[PDB]
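K.L.:
After the structure tokens below, expect a handful of questions from me.
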Amino acid sequence: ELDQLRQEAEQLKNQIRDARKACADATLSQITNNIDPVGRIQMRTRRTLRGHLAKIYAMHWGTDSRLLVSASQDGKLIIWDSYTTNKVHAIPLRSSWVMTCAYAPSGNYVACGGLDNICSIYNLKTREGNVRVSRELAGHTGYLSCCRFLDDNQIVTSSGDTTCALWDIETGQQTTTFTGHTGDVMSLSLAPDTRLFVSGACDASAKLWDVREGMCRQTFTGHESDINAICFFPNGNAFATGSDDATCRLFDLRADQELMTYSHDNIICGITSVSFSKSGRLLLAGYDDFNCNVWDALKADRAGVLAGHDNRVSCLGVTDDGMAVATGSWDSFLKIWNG
Amino acid sequence: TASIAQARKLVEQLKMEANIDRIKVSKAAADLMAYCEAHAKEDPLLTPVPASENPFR
Amino acid sequence: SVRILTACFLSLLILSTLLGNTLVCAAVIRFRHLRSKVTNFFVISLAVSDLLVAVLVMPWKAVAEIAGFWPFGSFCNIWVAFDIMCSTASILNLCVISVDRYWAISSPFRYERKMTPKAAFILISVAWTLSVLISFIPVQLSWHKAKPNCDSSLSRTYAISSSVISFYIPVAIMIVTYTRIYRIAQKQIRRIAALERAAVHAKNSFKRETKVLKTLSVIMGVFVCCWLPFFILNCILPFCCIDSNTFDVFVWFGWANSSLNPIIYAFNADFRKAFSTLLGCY
Amino acid sequence: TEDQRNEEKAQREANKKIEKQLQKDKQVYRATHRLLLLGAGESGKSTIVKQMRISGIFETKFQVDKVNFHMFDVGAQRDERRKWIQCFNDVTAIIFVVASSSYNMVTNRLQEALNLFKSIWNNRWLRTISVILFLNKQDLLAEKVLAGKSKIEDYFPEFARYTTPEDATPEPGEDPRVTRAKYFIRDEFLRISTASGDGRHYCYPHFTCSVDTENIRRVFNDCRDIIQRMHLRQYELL
Ligand SMILES: Cc1cc(-c2cccn3ccnc23)ccc1-c1c(C)c(=O)[nH]c(=O)n1C
């Protein structure tokens, strides 16, 4: 009974591992060996946004690459104009423990959530002009850790109750529940076509989910500690993860295995955030040691370092046009980088 | 009564994850290289852009 | 060649004062996590007063010591006013620092709601106004000199009046404030030691009480030993037999207090970190 | 041209109006002390919150002597391996509530509370946070010790050699048997407290009851002591 199912699971795992080993022929570094290295990356703080009173936990760029929203653990959701440094909105929150925020691709909504287990939707552009809560999504039994809009009516949320969910904002009800993780789910990343999405969890495993189907397709391992950050490659066929064991990895969906590892000997702090560039050549990652390290996605060579934050770097974003890079930190400052 | 159900659900999930077709790593790595080459001219963070059209100067 | 040795010593003293107070001033400007606290609004004022002592006062008396006379002639009557102002400001800044620390430690909740950045400005303005009032108005009125080179003798009235407002009132406030801080610091140590002893008895200090005495002794003995011999003779001499060389030595002892002020008041964890950052990025 | 000037003027007006509102909130934020409330559902934690006032996080605002307090309950569908514990690394204090009469109830509930206290005490994100320890349900413990079949030595063998500490201030009417158990439990918590104490955080034990008007004053006084010790430590006097 139990022994039979344990043996069946062991055989299935052995078959999966054997298939992965068989498909492994050459490494990414071996193929990317004659490529000319990028060199060195010079990026300077072009803007610095102030106004948050406490630690900043999240930020999110708009699709126009000009506006961005940020979240602080003081109950504020501030919308910025990155070109002119002006503040467009300042939305006070009911709960003071926000841990994530999002920007609707249409630009009419911003989301929010945290320790209150609620995802709050805010109406930005309305005939009245003021900003008010449109919906409140309840049903998770753990803290909201990430949320990503698909359109003006659908949103995917991840929670510390080992479950991701897909919602319908118009009705306020869950549509699909994604189960299978054993630890808290920490991060989300939507595919470019919004047809799939990956999530990282505290059980050191990542999973690829089918939005319209609701089932787990592929499961990726390799990290030894909790996975804090996850991001898709611009192609849409690969993704990157950041973890507490001070390493970053690149996984290929089609090859179904890890390709590269981004680590260094003088790095012992965990990764808080991770992102890519427009071409996918650079892999920007935030760290607990107060700075951001720019990597080379094809050679694992550190192209540069972004320094200037007094405290821990918590969030990190890259514009849709590739123009600028924004980072938030626990010192309550948003710094925009370019170069 | 729930341990047997959880074990059978895990086995069912693992059966589905083992039926996919996997391509060689060499072809997978050759496609990421192809993407970066064809878009390296529109990565402002990689190739520096003159301040004439830079909106952050 | 004792003249060369004395000149080297005086130059070293002036350079040390300048370097220390510039480093204190430089760190606060560069880092905004030091400028944020209202308690550091009083350390920078002290650094400014010490800097003005180092620039406008020490070099000219040092030159007059080496040469043997006063080469400036008409600058004696302005140098005296600058000396009085820049020393009184330093002493008053020390007194204000002590009062700030006492109010923070004794009433931690009323301190957080009432010590707004607009009260530090009022306190600093009062200190510098008192410094200006007794140094320039009387000196450019021939009120400091007795009615009966730069070696004037102060009036019997002005010497007593200025020595009180500039030393004796500030030094009593420092004594009362730093003894209440001592009483508070010893009640806390007794309560912690009681819990530690209870835990030890369940399983069945001296350095802490030494640390509090060391800091207070360093704070007060340095100030007293630097400024008390000067102010004792500043009152005895107008009544009148000690010559001017010993008085010059004590005058120079008074000004050496401004060299150690960065070490005493701006040498905590984050000021030291800023100094290391500005010096070799260490 | 003129359109850009008008847009910039409107944007500047909106930014100035926003920044005016952000200035009062800065003043309110600095006047408030954040408190993290831990414990278990078995302990009298819920009644204490109700007394202070009179499904995600529970938040409560109360004020004493013009000082604003703001407390948080994290008893919302939680488990071990607290990942959210890093959001409270700049709170004034942690309020740890323990039911002292749960020694016989079943491992032991009191042993679970001790394990949780040791876990919280040595957390890397809580190396500068002091803990206000409430040893709740003292009347129930007194009733259990007075009459009953529950012997502490059966569950805790070390109680067979415990001796009441000299720094004990028992209530005048209490049975001396009851006081020994109270101080044994308190010392059991303090052994964990002082076996790894760093000097940046301390513990403030209290013998409380679920229905007391003195708990608010206990929190206020312990927070005042915490702030005072922090001031003393920042001047190299402690
Ligand atoms: C004697 C004296 C006293 C004071 C003084 C008076 C009151 C408060 N103080 C605080 C700091 N200094 C003071 C200032 C300057 C002089 C002086 C010196 C040193 C000299 O060499 N030649 C002079 O003619 N005079 C006048």
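Just so it is clear, chain C uses Swiss-Prot numbers, and the residues here are 21-168, 185-240, 263-298, 307-348, in order.
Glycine residues also receive a Cβ, built from the backbone N, Cα and C atoms like all the rest.
The transmembrane segment annotation in Swiss-Prot covers C:24-49, C:61-87, C:97-119, C:139-163, C:193-218, C:313-337. The feature topological domain 'Cytoplasmic' is assigned by Swiss-Prot to C:50-60, C:120-138, with sequence analysis given as support. According to Swiss-Prot, the feature topological domain 'Extracellular' maps to C:88-96, an assignment based on sequence analysis. What Swiss-Prot lists as disulfide bond is C:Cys96-C:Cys186, and the listing cites sequence analysis. What Swiss-Prot lists as S-palmitoyl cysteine is C:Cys347, and the listing cites experimental evidence.
For the listed features, I'd like the structural context: burial, neighbours, distances.
P.N.:
With helix defined as DSSP H, G or I and strand as E or B, the topological domain 'Cytoplasmic' (C:50-60) counts 4 helix, 0 strand, 7 coil.
Only residues 6 or more beyond the boundaries of the transmembrane segment (C:61-87), in the same chain, are considered here, and those with a CB under 8 A from a CB of the stretch are 23, 26-27, 30-31, 33-34, 37-38, 40-42, 44-45, 48, 95, 99, 102-103, 106-107, 109-110, 113-114, 116-117, 120, 137, 140-141, 143-144, 147-148, 186, 314, 317-318, 321, 324-325, 327-328, 331-332.
Cβ neighbours of C:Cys186 (disulfide bond) (same chain, under 8 Å, six or more residues apart in sequence): C:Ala84, C:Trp90, C:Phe92, C:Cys96, C:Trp99, C:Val100.
Residues 58-59, 61-62, 213-214, 216-217, 220 of the same chain, all 6+ positions outside the topological domain 'Cytoplasmic' (C:120-138), place their C-beta atoms under 8 angstroms from a C-beta of that stretch.
Sequence-distant contacts of the transmembrane segment (C:193-218), counting only residues of its own chain at least 6 positions beyond either end whose CB sits under 8 Å from a CB of the stretch, comprise 104, 107-108, 111-112, 114-115, 118-119, 121-122, 125-126, 150, 154, 158, 163-164, 270-271, 274, 277-278, 281-282, 285, 289, 292-293, 295-296.
The Cβ neighbour count for C:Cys347 (S-palmitoyl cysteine), using a 10 Å radius and every protein chain shown, is 6.
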K.L.:
In the same chain, which residue numbers or ranges, 6 or more beyond the ends of the topological domain 'Extracellular' (C:88-96), come under 8 angstroms Cβ to Cβ?
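P.N.:
Distant contacts of the topological domain 'Extracellular' (C:88-96): 80, 185-186, 188.
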K.L.:
How many other Cβ atoms sit within 10 Å of the Cβ of C:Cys96 (disulfide bond)?
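P.N.:
Looking across every protein chain shown, the total is 15.
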K.L.:
Taking residues 6+ outside the transmembrane segment (C:24-49), which of them lie with a CB under 8 Å of any CB in it?
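P.N.:
Sequence-remote neighbours of the transmembrane segment (C:24-49) are 55, 60, 63-64, 67-68, 70-71, 73-75, 78-79, 82, 85-86, 318, 321-322, 324-325, 327-329, 332, 337, 340-341, 344-345.
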K.L.:
Across the 8-residue unmodelled segment, how far is the Cα of C:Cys298 from the Cα of C:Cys307, in Å?
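P.N.:
Once the 8 missing residues are skipped, the Cα atoms sit 6 Å apart.
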K.L.:
Please check the gap where 22 residues are unmodelled: Cα of C:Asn240 to Cα of C:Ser263, in angstrom.
P.N.:
19
K.L.:
Using DSSP reduced to three states, classify C:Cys186 (disulfide bond) as helix, strand or coil.
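P.N.:
It is coil.
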K.L.:
Which of the three DSSP states, helix, strand or coil, fits C:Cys347 (S-palmitoyl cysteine)?
P.N.:
coil
K.L.:
Across the 16-residue break in this deposited model, measure the distance from C:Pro168 to C:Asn185 using their CA atoms, rounded to a whole number of Å.
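P.N.:
Flanking Cα atoms, separation 18 Å.
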K.L.:
With DSSP assignments reduced to helix, strand and coil, which class does C:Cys96 (disulfide bond) get?
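P.N.:
DSSP call for C:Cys96 (disulfide bond): helix.
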K.L.:
Of the residues in the topological domain 'Cytoplasmic' (C:120-138), how many are helix, strand and coil by DSSP?
P.N.:
16 helix, 0 strand, 3 coil
